Amino acid sequence: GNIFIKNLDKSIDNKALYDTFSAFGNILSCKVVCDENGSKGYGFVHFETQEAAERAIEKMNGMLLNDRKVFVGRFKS
C-alpha cells in the first residue's frame, strides 16, 4: 500500500504529512522529499495495507491540502 502525493505545499513537513494521511490507515513510513531549498513539494506514504492506500487516493486526490490541490496515486516502492 504505497502512495505518492504531489503538489504538496512546501510548508508541509513529515509530521504534518503523517497527521493528514494517518486518518486512512496504519502508516509505516512517510516522507516529504527535500533538498537544499527545502521541500520539493512531493512526498510518499507507506500504508500497512492496500485498502488504506486506496481510501487515501479516494479521499485526497484532487482535494485541497493547505493552499494547494494535491495529486495522490499508487506508487511501486
Side-chain angles (χ1 to χ4, degrees):
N2 296 264
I3 59 167
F4 66 87
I5 309 107
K6 299 190 185 170
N7 200 41
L8 264 186
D9 180 296
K10 314 260 245 220
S11 59
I12 294 179
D13 53 5
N14 265 55
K15 78 189 175 307
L17 190 66
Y18 185 97
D19 188 85
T20 293
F21 289 80
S22 70
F24 308 111
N26 189 26
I27 291 161
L28 270 8
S29 80
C30 89
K31 85 140 140 89
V32 179
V33 181
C34 305
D35 68 5
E36 340 91 45
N37 288 137
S39 172
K40 288 176 131 294
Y42 59 98
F44 305 93
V45 171
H46 175 32
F47 290 107
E48 192 187 62
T49 59
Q50 184 151 349
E51 294 73 30
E54 289 298 312
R55 278 205 286 282
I57 305 143
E58 269 179 348
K59 295 296 283 178
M60 293 306 296
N61 191 44
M63 275 338 277
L64 268 297
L65 209 198
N66 287 184
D67 282 44
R68 289 132 102 150
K69 276 169 34 172
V70 286
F71 301 85
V72 185
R74 286 289 287 282
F75 175 75
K76 211 191 264 175
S77 78

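The figures here come from the full heavy-atom set of this structure, side chains too, leaving out hydrogens, waters and symmetry mates. We number each residue from 1, following the sequence as shown.
Once rounded to the nearest 0.5 Å, the distance linking CD1 of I5 with NZ of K31 reads 10.5 Å. Residue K40 holds its NZ atom at 11.0 Å from NZ of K6, rounded to the nearest 0.5 Å.
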Can you give the donor-acceptor pairs under 3.5 Å from side chains of residues 41-52 to other protein atoms, not counting sequence neighbours?
from	atom 1	to	atom 2	distance (Å)
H46	ND1	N2	OD1	3.1
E48	OE2	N26	ND2	3.4

Please output the side-chain donor-acceptor pairs of residues 65-77 that fall under 3.5 Å, not counting sequence neighbours, one pair per line with the distance.
from	atom 1	to	atom 2	distance (Å)
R74	NH1	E54	OE2	2.8

Below 3.5 Å, can you tabulate the donor-acceptor pairs from side chains in residues 13-22 to any protein atom, sequence neighbours excluded?
from	atom 1	to	atom 2	distance (Å)
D13	OD1	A16	N	3.0
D13	OD2	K15	NZ	2.7
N14	OD1	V32	N	3.2
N14	ND2	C30	O	3.0
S22	OG	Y18	O	3.1

